[PDB]
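Chains B and L, in that order, are what the protein sequence lines are. Numbers in my numbering are just positions in the first sequence, counted from 1, shifted up by 10. Numbers in my numbering are just positions in the second sequence, counted from 1, shifted up by 10. To start, the structure itself, in structure tokens.
Number of protein chains: 2
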Amino acid sequence: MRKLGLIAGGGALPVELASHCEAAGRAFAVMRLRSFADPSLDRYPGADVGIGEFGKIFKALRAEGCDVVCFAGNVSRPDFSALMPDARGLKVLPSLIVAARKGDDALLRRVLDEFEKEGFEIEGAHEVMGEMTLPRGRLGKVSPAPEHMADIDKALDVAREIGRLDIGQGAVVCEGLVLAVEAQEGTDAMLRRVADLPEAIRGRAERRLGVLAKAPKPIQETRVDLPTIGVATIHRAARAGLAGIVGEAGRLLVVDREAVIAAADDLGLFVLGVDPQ
Amino acid sequence: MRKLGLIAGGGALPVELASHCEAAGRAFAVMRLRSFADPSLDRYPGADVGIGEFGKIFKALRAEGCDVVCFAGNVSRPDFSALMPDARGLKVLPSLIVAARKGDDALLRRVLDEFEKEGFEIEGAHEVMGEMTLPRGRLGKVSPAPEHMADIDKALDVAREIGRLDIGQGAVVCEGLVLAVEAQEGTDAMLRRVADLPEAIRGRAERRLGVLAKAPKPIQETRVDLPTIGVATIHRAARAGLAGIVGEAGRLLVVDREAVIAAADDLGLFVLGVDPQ
Ligand SMILES: CCCCCCCCCCC[C@@H](O)CC(=O)N[C@H]1[C@@H](OP(=O)(O)O)O[C@H](CO)[C@@H](O)[C@@H]1OC(=O)C[C@H](O)CCCCCCCCCCC
Ligand SMILES: CCCCCCCCCCC[C@@H](O)CC(=O)N[C@H]1[C@@H](OP(=O)(O)O)O[C@H](CO)[C@@H](O)[C@@H]1OC(=O)C[C@H](O)CCCCCCCCCCC
Ligand SMILES: [Mg+2]
Ligand SMILES: [Mg+2]
Numbered sequence: 011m012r013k014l015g016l017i018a019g020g021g022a023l024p025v026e027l028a029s030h031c032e033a034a035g036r037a038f039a040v041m042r043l044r045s046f047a048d049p050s051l052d053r054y055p056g057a058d059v060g061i062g063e064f065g066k067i068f069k070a071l072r073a074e075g076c077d078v079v080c081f082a083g084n085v086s087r088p089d090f091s092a093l094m095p096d097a098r099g100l101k102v103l104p105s106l107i108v109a110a111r112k113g114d115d116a117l118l119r120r121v122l123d124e125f126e127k128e129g130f131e132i133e134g135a136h137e138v139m140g141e142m143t144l145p146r147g148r149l150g151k152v153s154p155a156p157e158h159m160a161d162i163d164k165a166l167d168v169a170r171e172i173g174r175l176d177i178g179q180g181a182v183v184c185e186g187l188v189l190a191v192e193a194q195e196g197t198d199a200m201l202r203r204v205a206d207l208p209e210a211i212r213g214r215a216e217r218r219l220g221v222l223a224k225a226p227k228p229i230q231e232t233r234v235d236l237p238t239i240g241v242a243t244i245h246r247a248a249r250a251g252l253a254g255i256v257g258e259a260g261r262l263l264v265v266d267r268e269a270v271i272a273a274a275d276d277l278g279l280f281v282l283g284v285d286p287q
Numbered sequence: 011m012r013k014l015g016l017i018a019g020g021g022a023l024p025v026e027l028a029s030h031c032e033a034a035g036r037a038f039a040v041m042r043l044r045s046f047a048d049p050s051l052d053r054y055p056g057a058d059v060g061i062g063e064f065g066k067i068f069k070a071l072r073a074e075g076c077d078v079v080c081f082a083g084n085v086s087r088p089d090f091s092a093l094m095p096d097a098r099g100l101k102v103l104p105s106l107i108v109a110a111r112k113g114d115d116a117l118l119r120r121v122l123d124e125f126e127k128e129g130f131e132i133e134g135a136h137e138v139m140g141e142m143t144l145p146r147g148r149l150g151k152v153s154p155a156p157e158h159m160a161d162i163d164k165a166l167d168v169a170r171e172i173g174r175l176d177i178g179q180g181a182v183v184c185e186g187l188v189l190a191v192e193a194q195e196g197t198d199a200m201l202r203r204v205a206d207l208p209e210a211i212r213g214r215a216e217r218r219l220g221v222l223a224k225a226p227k228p229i230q231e232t233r234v235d236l237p238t239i240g241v242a243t244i245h246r247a248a249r250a251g252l253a254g255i256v257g258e259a260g261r262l263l264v265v266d267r268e269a270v271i272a273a274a275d276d277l278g279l280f281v282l283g284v285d286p287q
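So, in structure tokens, the structure goes:
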């Protein structure tokens, strides 16, 4: 996982991105564009730079060891007279004004040419999310078996009806039997209480049965964060003799992706991203 | 609690009654009327008597130390020639034939006069249930406070929506916060996991908050038993700093009523029966 240089313009997108990055445990820093970046970003490591202190931005970008950057947020073309660039900066400035004369698009494009020529890999907001969340389909080497399809389907739309009822975000289904429903206790606790059920209605570590599904509750006016998967999640779900874990393909954060994949792989669990709706 | 002499005619009523009696831990015996009583009653302590081996029935009734009887099930008037009474029996027989000449009602009534004159307290099926289940309103000395009304209302219709979803039969609500939802793990386990939540979102043993509601799932073609309340239920709900417990007034079995009342009373919990629907 490349460390991210989040270049933050105005609005709520970079803010969401930062939080999700920190939840996923992904490494980053924030380049907060003066007068654009929302102040609730000052809490993250990084730097407050004006446009176009390009010299400064490359400086801090390398200073944080970012090799990939994402540009997220509202930015409008500036005043080119009132601009107070550093000397890098002033070097780039005319190239900008030419492109600017051709339109915002050519201008934005020109800015990116510079970061590429400098040179950092450029990523879009969607791809940043994509790489931290579930994929579509298996995450590790283990796939589900036809036996598990049954539970996978009902694990989810149960876990969704829980969410619709503003309760918890998780549910464990084994052979059609809802064994466990999350609400307020955390997923670890639930997976423990499941390991504790009679092996009769349960899966076995030898022969595994049953599926953990964890799905996000529907959006709100209040900001909404995504459900998460830990390495300890893989641990306890294995100890419950569960066959695998599942969630909506974009809508679930994986904390330490590498580590999670290795637990699931070593223990025989599948982890599955599922097409939303 | 008077020990019950369940006098079992045909059909599924006495069967249900026996099971509920045994779930409530209430003392009983079954007088299984030959050719009437369903054979799944042979498992319970008691006796197989024909009508009208009255001598036998009084004998075994006392032999089980029953001082109250309930007549439950289908019975039709018999053949009075083909009847093989014992000598008690034959003594009573004519009194019966007189009443029988006035109608089934007078006949049934006459039978009851005999058990009363013998003499056992006669109870109806409904009253038998009533005395084992919740009442309507408080069960013990403790009442709910106005503060608790909030949770009481939502504890229940949550616990009902769980039941509608064929999951578990219980739910714990505190200050509007669903803390816990039962499914497959038993109520004891849930009440433990609740005692384990942060005291921040929880009630305190000093100042109590929150309510356990446990409600029956909707009827089925398959026979349906009632949710139950234990003394350990009172224990753990107290240890979770809950203010009280609640259920539908007829629709919840109390196991060791005396003992439960004394736990709730000594610990400061209310236990509340609520009008169904
Ligand atoms: C110190 C050095 C700092 C260097 C400054 C770098 C700032 C670059 C500008 C970043 C804007 C970028 O975050 C916006 C963006 O990408 N959005 C694309 C997206 O559409 P949205 O609906 O707006 O989400 O998806 C679309 C595709 O589906 C796509 O087309 C949208 O692109 C735009 O939003 C267009 C821009 O909003 C137009 C503004 C151009 C940049 C103006 C300022 C240029 C920098 C000044 C340099 C001196
Ligand atoms: C060894 C000694 C054994 C002695 C034998 C004792 C057997 C007594 C008969 C028991 C019948 C009783 O269980 C039924 C009953 O109570 N039901 C009442 C109830 O209505 P349901 O809709 O039927 O539930 O609620 C109604 C009120 O809302 C009420 O009216 C219904 O009463 C009846 O069901 C009427 C009976 O079904 C009619 C039958 C009379 C008894 C016939 C056999 C008499 C015993 C033979 C003695 C030799
Ligand atoms: Mg982009
Ligand atoms: Mg009666």
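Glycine included, C-beta positions come from ideal geometry on N, C-alpha and C.
Identify the residues that DSSP records as bridge partners of residue i: which are they?
i: B/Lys-224; result: B/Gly-180
i: L/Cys-80; result: L/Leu-16, L/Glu-133
i: L/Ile-255; result: L/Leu-222, L/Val-281
i: B/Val-264; result: B/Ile-239
i: B/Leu-187; result: B/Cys-184
i: L/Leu-43; result: L/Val-59
i: L/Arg-148; result: L/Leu-282
i: L/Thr-143; result: L/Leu-263
Assign residue i to one of three DSSP states: helix, strand, or coil.
i: B/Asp-96; result: coil
i: B/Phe-64; result: helix
i: B/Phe-90; result: coil
i: L/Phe-38; result: strand
i: B/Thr-197; result: helix
i: B/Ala-57; result: strand
i: B/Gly-213; result: coil
i: L/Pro-104; result: helix
i: B/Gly-21; result: coil
i: B/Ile-162; result: helix
Straight-line CA distance for residue i to residue j?
i: B/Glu-63; j: B/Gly-19; result: 14 Å
i: L/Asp-96; j: L/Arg-261; result: 41 Å
i: B/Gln-230; j: B/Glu-195; result: 22 Å
i: L/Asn-84; j: L/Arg-218; result: 49 Å
i: L/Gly-150; j: L/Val-108; result: 48 Å
i: B/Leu-187; j: B/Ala-165; result: 9 Å
i: B/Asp-285; j: B/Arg-148; result: 12 Å
i: L/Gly-254; j: L/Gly-56; result: 38 Å
i: B/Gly-213; j: B/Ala-225; result: 22 Å
i: B/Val-191; j: L/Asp-275; result: 32 Å
i: L/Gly-257; j: B/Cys-184; result: 29 Å
i: B/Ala-33; j: B/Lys-69; result: 26 Å
i: B/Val-121; j: B/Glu-141; result: 24 Å
i: L/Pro-228; j: L/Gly-173; result: 7 Å
i: L/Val-204; j: B/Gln-287; result: 33 Å
i: residue 290 of chain L; j: L/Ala-181; result: The requested residue 290 of chain L is not part of the displayed model; chain L covers only 11 to 287.
i: B/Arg-53; j: B/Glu-171; result: 36 Å
i: B/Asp-77; j: B/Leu-16; result: 11 Å
i: L/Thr-143; j: L/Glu-268; result: 12 Å
i: L/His-136; j: L/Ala-110; result: 26 Å
i: B/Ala-73; j: B/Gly-65; result: 12 Å
Indicate, with yes or no, if ligand 5 has a heavy atom lying under 7 Å from the CB of residue i.
i: L/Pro-286; result: For ligand 5, the structure offers nothing, since it holds only ligand 1, ligand 2, ligand 3 and ligand 4.
Within 8 Å (strictly less), CB to CB, does residue i reach chain L?
i: residue 5 of chain B; result: Nothing about residue 5 of chain B can be reported from this structure: the residues present for chain B run from 11 to 287 only.
i: B/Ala-190; result: yes
i: B/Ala-165; result: no
i: B/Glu-171; result: yes
i: B/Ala-199; result: yes
i: B/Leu-207; result: yes
From the beta carbon of residue i, is the nearest beta carbon of chain B less than 8 Å away?
i: L/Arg-203; result: yes
i: L/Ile-177; result: yes
i: L/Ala-242; result: no
i: L/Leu-187; result: yes
Please list the residues of the stretch 221-232 of chain B that have a C-beta atom closer than 9 Å to any C-beta atom in chain L, keeping them in chain order.
-> none
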